[PDB]
């Protein structure tokens, strides 16, 4: 009993199921399959976009172990939206939990990584379109 253009934030969780598209991932590392999306999205779009890219796939926040392996796949002007996010007074967290160090250049909610960035970085324009960093877990 309502019309569109009205919406509320959708809730997202990490996937519980295991999958990997072994022909299409960007790289694989430590039992996980990583994907840079071919189409570009807004920072929040990445939640649904990664959820729809393949089964058991979600929007991924790079840790200190993973981030360097991610960022060397990038040229000097390329960037990826990453799923590291905050909640209000909170820290930065991801769908896998944990606490992230983020370089807050802007008091915004959207974070990305670059070739040279060592941590996620906050951006002034979250609706700017970029590829998304997604992950799925491989079978064990």
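Positions refer to the first chain, counted from 1.
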Quick note on 49-57 and 85-93: per-entry mean CA temperature factor is higher in 85-93
Among the modelled residues of its chain, the C-alpha B-factor of residue 41 falls in the third labelled lowest
On the chain's distribution of Cα B-factors, residue 122 falls within the third called lowest
The third of the chain into which the C-alpha temperature factor of residue 63 falls is the middle
The third of the chain into which the C-alpha temperature factor of residue 73 falls is the highest
Chain thirds by Cα B factor, record data; residue 111 belongs to the lowest
